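Right, one structure below, let's go through it.
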Amino acid sequence: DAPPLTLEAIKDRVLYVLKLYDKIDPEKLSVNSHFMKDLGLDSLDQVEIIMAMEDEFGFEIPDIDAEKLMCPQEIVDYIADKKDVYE
Amino acid sequence: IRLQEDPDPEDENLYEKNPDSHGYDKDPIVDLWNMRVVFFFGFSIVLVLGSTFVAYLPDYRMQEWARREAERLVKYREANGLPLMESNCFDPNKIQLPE
Amino acid sequence: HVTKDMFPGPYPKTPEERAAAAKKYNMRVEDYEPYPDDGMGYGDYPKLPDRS
Amino acid sequence: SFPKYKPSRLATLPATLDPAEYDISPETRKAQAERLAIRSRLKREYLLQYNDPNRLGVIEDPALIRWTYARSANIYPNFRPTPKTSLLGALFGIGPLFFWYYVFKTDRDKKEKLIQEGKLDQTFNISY
Amino acid sequence: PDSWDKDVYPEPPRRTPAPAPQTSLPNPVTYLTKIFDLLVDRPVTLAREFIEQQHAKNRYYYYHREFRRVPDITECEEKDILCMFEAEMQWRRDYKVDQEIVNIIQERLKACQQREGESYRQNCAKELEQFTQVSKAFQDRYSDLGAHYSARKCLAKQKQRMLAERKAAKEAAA
Amino acid sequence: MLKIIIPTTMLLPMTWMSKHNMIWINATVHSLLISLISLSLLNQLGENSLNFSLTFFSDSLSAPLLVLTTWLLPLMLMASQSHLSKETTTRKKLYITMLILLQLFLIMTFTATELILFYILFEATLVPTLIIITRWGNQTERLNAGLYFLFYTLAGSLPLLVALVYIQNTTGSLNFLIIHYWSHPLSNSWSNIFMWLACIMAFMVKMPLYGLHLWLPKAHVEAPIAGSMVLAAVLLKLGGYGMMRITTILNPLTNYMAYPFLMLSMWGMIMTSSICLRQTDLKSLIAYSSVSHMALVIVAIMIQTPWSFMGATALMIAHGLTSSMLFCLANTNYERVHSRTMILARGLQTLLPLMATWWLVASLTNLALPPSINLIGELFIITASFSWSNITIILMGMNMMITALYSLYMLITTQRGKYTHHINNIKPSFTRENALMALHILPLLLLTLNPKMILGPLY
Amino acid sequence: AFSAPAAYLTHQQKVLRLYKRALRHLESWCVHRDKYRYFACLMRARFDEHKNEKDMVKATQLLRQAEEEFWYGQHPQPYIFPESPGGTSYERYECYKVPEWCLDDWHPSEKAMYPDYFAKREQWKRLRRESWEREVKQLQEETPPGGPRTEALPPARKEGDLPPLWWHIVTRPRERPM
Amino acid sequence: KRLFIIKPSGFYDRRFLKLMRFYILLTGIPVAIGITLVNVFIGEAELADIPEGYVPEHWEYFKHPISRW
């Protein structure tokens, strides 16, 4: 019924959420932008980003895996792997 | 070790050597005919023929006979004003009480 | 492949028996604790926390 | 400040409210590491067997075998007729029998006495 | 069909009020009844006519078996196995006939209650009294004789009841 | 009855002279033919039994049991085909010979007209069952199971032999017709109490009765599939048939001696259902369910009312069929995974749909779903017990609730859930197994359609 | 679920999990988005106020008090995502998940109904059977003499190898198998 | 895109179902046809009083033609 997800759509949506975040400069934001190394965030900000992704995609990321997603590309890979997206 | 014992053999799968196996025998023809005789005899003969035989068994329990006799007795009793069911099974004249 | 020494046995009395029982059940010796010897037939089976 | 949560048998204490979860000694860390090591060893053995391509059957579980053996075939050899076991067995095996015997005997005696006195409504009772 | 005895199975005369419509609207029940008669009743009537014509081609009869009367357990001597057997068989046949009589009376009662409908508590009180009498007599005869009931046990029960009645009558008029 | 007896004694030489690869086919075909022949015994009279000769007679209680035995033999043959693939020809022929001898002894036991011949055959059934269990069982406990079974039965039945010979000396004959027509009341004295105890205790140990029942789980768990099928379906009904036959001469003392056994049977229903609630073995669950149903039959026989005997007979037949089907399903699951633990294999509805359907139907029949003959018998027994007293309704209600609970519990545990990941030898169900389940289940529904054939002689 | 657990949770992990739980329960209480944003900002203000604390004993005491406050003030019926454990759609499709070992029990006619799929399946089976020895050798080379200390598996060091114990992870059933 | 649906082998269960249906209908259909033909062309016996000085048989005491046979 619902249209299937794709890698490009997942990347677009996660970058959309990150660009809507007010503590991230959209011009310096890319899929390889580390949240703490080159974006200057901290643990609480990373937790809030993970929660925003959970709200965006309508599913919960366990805390054991959420503490390791430090890149938009990593978030995309996790979502695609969980949703069984291969294209 | 304590004995010169054979190792436990692996269980054989009937579907490996015969994908059309019915599970009766490892020989294909014997398996097929075992299945055929079991199905034919059991299902067809026993089920269908025994079921219709039991359904059309004669009324040796005399249920319909008892119903007809009851109808006749009820008609005779209520036609003559007699009670439908008697007070006693036996005759007090023939019964002699001890006294 | 299970041997005769891998089955539950009597209540462990000496500390060596307790260590052997803990090793049998793949538990730490400190974490191992059997049921009290009230004659209820539990044996040396560990008394794990009553959670679900 | 806030009302305290009181744990019970069926309402066990949560892990975040356990006082021992905040008083950690260096020995506790060693115990946790040992537990993790045991779990990892068991997991490695199971995963090797599970991912073996030539395996065809059921991976026998010694823990399951021990549980089934202890619950069924290991009870009597480890039974001693202590006073507790004697009293519990006598109670739970005899008391219900005499209780039901007394109840049914009283009920049937009352019914029989009523029948003998001829004050029990037995009309339309032709199926017993 | 009416292949049963009206006296054995009584039925009060059927009074159906005549249709007296007070409106100009057509009757859907009447139209559907006409449709049902045209589509179902006529074909099933034709099929039954054909089947009954085929049955009348070869007509054969079956009979109701008549059983002779034999001396009963009261006349049977003690330890006389043949007479006891005959009396027991006769008693069992009588028991089955009495059971079917009770069934007939119960069927009468059920039919009368359903027929009367909303005024059953008064209209079908004649069947209730007949059922009460039949049930009382049946209970007094074949009361709790057990699963191993026999003509001898029924005779013993009757003798006990007769003795009790005689003692009550004596203590009343004595 | 010779027209049924002789074909079994011809099954024996046919089995021993048939070819090595035709033994199963010949045995199954001719067992089915013998069952069809034995179907003619259902044409019973309404007043007296069918007296073929001075030795054998058939009644409305004997006929359904004979039909059940003759129908159960080929199913046991199919199960034996299942689990005896690698056996030698001589040992397979010996197994078939044991089954045939057991069936012949059961037929003669059900059709015997005298109590002493009935006892002789009813004790003769012990030898083939003991041999089958202790020879073709799979685990170590088969020897202990055989010892328990044999000694429970014999300790029960020897005082029965003493009582029978005493009764013959006192009265003149042990012929059932004579002891029924010439029956006299039993006085309330110690000697009569002990004679009653001898007979009843023999049949209750055979039944079994709660407290005298450990041999039943021991033997049924450790027996092979055919042994379990014959132990649960027919051999348990020897006690009920004997009690329904022997109670003719025990009145009115039965009205006074029935209290301990009634209380034992009802509390045993409750206790065995509760045990079924927490069993880690499937065969043990089925065995304890059998114990509960037989306790209900005991209650019916002891209260001894015309509405209780019909329920007793119907429940015996229904329980025999249902227990045989349950044991067959459990044996299929065991042969797939080589373990009797219930929680070992799950997701069997995902892996095997048709077997899930068979499990659903068997569990529905076990919990007495209307209008099945299981429910018919249970409801008749409950109504008779209610007439007896008005707290038996409470006991029966709680027993029925727990029965439904454990039946659906075993169904959900075995069939529903997530399949075990490391069990990758679940092959598709065989046509033989599917046909076995169908042949178990269809007669139950046909008897539901026509229930007057299994309601005993008091119908 | 994809990550091997550690022996224990550090203080940072404990406080982060408490923060996420508190935010989720606050969202459950504050249904509307603006109200939730206001109170989530207040909650993060509290966390940032307590963020800088050199005294670990005091930090642990604050964490314990915060956990007690959360347990007292938690939502009795918190929002749960449908597919998450405890959700209304949790484990809904577990009955539709069938494995490839079931898939290889098919009849030849059924297999012939899908000719192209089973060629690739045979290729996958050969690939699995040609790597097991290398996988077990790599696993036994890298383990300490005592045994594994964690549930983390090594990757494939060589170019022609595959990460050990990969078959079931790769061939697990799809989240919507039917 | 169409994805392969992994299912357990239903061929054997379907084959068993078709075999059971065939073997039940192998003789069930002739039995039903025979019963219908007997009921249509050979109706049930009609109850009649026993003729004077006549001794019938048991099948003459039964009604349905199949039961009499």
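The letters A, B, C, D, E, F, G and H name the chains in turn, as written, and every chain counts its residues from 1.
Please note the rule applied: contacts are C-beta pairs under 8 Å (C-beta built on N, C-alpha and C of every residue); 3 or more make two chains touch, one makes a residue touch a chain.
Chain identities (UniProt): D = NADH dehydrogenase [ubiquinone] 1 beta subcomplex subunit 4; E = NADH dehydrogenase [ubiquinone] 1 beta subcomplex subunit 10; F = NADH-ubiquinone oxidoreductase chain 4; G = NADH dehydrogenase [ubiquinone] 1 beta subcomplex subunit 9.
Colleague: Any chance you could name the chains that touch chain E and chain G both?
Modeller: Correct list: B, D, F, H.
Colleague: Pick the chain whose C-alpha centre of mass, unweighted, sits closest to the average of all protein C-alpha coordinates shown.
Modeller: Located nearest the centre of all protein C-alpha atoms is chain F.
Colleague: By the contact definition above, name the pair with the higher C-beta contact count: E-H or F-G.
Modeller: E-H
Colleague: Please report how many Å separate the Cα centroid of chain A from that of chain H, as a whole number.
Modeller: So the centroids are 70 Å from each other.
Colleague: Nearest whole angstrom, what separates the Cα centre of chain D from the Cα centre of chain E?
Modeller: For chain D versus chain E, the centre distance works out to 57 Å.
Colleague: Starting from the mean Cα coordinates of chain B and chain F, work out the distance between those two points in Å.
Modeller: Computed from C-alpha means, the inter-chain centre distance equals 15 Å.
Colleague: So the centre of each chain is just the mean of its C-alpha atoms; given that, what is the distance between chain B and chain E in Å?
Modeller: Result: the chain centres lie 29 Å from each other.
Colleague: Chain F: which residues touch two or more other chains?
Modeller: Counting only residues that touch two or more other chains, chain F contributes 46-47, 305-306, 338, 350-351, 421, 424-425, 427-428, 430-431, 435, 438.
Colleague: Spell out, as numbers or ranges, the residues of chain G touching 2 or more other chains.
Modeller: 5, 98-99, 102, 105, 107, 168, 174
Colleague: Applying the document's contact rule, which stretches of chain H touch chain F when the two form their complex?
Modeller: Residue positions touching the partner: 8-13, 15-17, 19-20.
Colleague: Once bound in the complex, which stretches of chain B touch chain G?
Modeller: 15, 19
Colleague: Write out the stretch or stretches of chain F touching chain D in their complex.
Modeller: It comes out as residues 259-260, 262-264, 266-267, 280-281, 284, 305-307, 337-339, 341, 344, 384, 387-392, 395, 420-425.
Colleague: Can you tell me which positions in chain E touch chain B when the two form their complex?
Modeller: 5, 7-8, 64-65, 72-75, 91, 93-94, 96-105, 130, 133-134, 137-138, 140-142, 154-155, 158-159, 162-163, 166
Colleague: Show me the residue ranges of chain D that touch chain E in the complex, using the header's touch definition.
Modeller: Interface residues on the chain D side: 122-126, 128.
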